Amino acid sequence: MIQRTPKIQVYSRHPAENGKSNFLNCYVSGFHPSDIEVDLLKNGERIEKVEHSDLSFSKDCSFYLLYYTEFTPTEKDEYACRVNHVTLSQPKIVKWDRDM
């Protein structure tokens, strides 16, 4: 058996083909086993509608998850990604750096 803790990156992007739209991304990478729970949060609350959840795996059987959705941030609103996995003693909350 092998177990590997996910790396978690939270960032924003505009698709080039629609620059007006902004997406909040949580990239959860290099984890094993594949069992996992990932949410996006707004002001500490679970965002229910997340339109995209793309899972893949590599040759060495690590898993990769891109979890993202369209959003409109304001300076007042705090966003984060919350991840629970077997390798983590408590859910991990990674805050979005608004400049990212």
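Numbering starts at 1 and follows the sequence shown.
Checked against the record, the higher mean CA B factor of 47 to 55 and 22 to 30 lies with 47 to 55.
Judged by mean Cα B factor in the deposited record, 10 to 18 ranks above the other of 10 to 18 and 79 to 87. Across the residues 66, 36, 61, 41, the deposited record lists the maximum Cα B factor for 61. The entry lists a Cα temperature factor for residue 4 that places it in the lowest third of the chain's modelled residues.
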